[PDB]
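Take a look at this one chain, the form deposited in one PDB entry, written out in structure tokens.
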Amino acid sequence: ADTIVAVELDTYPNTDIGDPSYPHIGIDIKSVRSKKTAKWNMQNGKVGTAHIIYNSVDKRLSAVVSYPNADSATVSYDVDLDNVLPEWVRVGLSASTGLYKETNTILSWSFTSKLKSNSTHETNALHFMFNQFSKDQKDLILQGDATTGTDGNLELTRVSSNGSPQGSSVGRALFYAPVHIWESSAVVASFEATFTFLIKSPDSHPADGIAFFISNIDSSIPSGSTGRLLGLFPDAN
């Protein structure tokens, strides 16, 4: 299967597959069953901001999610990503709905990776930033129901013209260029990702969430990965 590392913004508690009994943030290493979670006080209809950081020295993947005027939620997990991921990856956003639903709207997305070697003055680096998505976004790969360009946003999951989210939807967006997270002469490797998002539901119980992920470069939406599997995983193992 694909190899997946993800930070999940999980809006629906599937306690049968180990979710806590509340909306939560989590760190997913090759399984939808988060290695670590923290409670997340999601705010229906408000614009949130997620931040993800990691470096190869501390080997700690951390995330922070916040809304204006509110405390933030944070979660961290010790993992060496060079032991999980291949040396070339793609980075992306994914989201899903099931029998419960929500908008999975991305308003902005930025990423920076750096490989610093022991050569004097020798950094390799990639940075992108989207504050405005367009209809024909050639530096993104859209998969499943993902679309760009309406209100300059990336709608990861399906929404009607009148703007109501649809259930049983799944969509991802990957940056077009492969990213290099390891090289043999690297003395420090780091990445960071930020995204702003607007999850809205007509319903008291929204589902299913949004994830930032890192994958093998050929990664595709697994079969049956609507709902609780967040467009990331083929099953709940």
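Residues that one form lacks are left out of the comparison. C-alpha atoms forming the largest set that superposes within 1.5 Å between two forms make up the rigid core. When you see a residue number, it is the position in the sequence shown, counting from 1.
For the pair 49 to 57 and 199 to 207, the record assigns the higher mean C-alpha temperature factor to 199 to 207. The question of which stretch, 61 to 69 or 208 to 216, has the higher mean Cα B factor is settled in favour of 61 to 69. Taking only the listed residues 124, 164, 104, 76, the entry reports the highest CA temperature factor at 164. Remark: of 160, 113, 108, 96, 160 shows the highest value [criterion: C-alpha B-factor in the PDB entry]. Placement of the Cα temperature factor of residue 17 within the chain: highest third of the modelled residues, per the deposited record. Among the modelled residues of its chain, residue 172 has a C-alpha B-factor that falls in the lowest third, as given in the PDB entry.
Among the modelled residues of the chain, residue 34 sits in the middle third by CA temperature factor in this PDB entry. In the PDB entry, a CA B factor belonging to the middle third of its chain's modelled residues is recorded for residue 226. Ranked by C-alpha B-factor against the other modelled residues of its chain, residue 80 falls in the middle third.
What follows is about the form solved in complex with a partner chain, which we do not show.
Although the partner is absent here, residue 36 sits far enough away that none of its heavy atoms falls within 4.5 Å of the partner chain in the deposited bound form. Using a 4.5 Å cutoff between non-hydrogen atoms, residue 18 does not count as a contact of the partner chain in the deposited bound form. Remark: residue 227 does not count among the residues lining the partner chain in the deposited bound form, judged by a heavy atom distance of 4.5 Å or less. Although the partner is absent here, residue 80 lies well away from the partner chain in the deposited bound form, with no heavy atom inside 4.5 Å. After superposition on the rigid core, residues whose Cα atoms move by 2 Å or more in a run of at least three fall only at 203 to 205 between the shown form and the other one.
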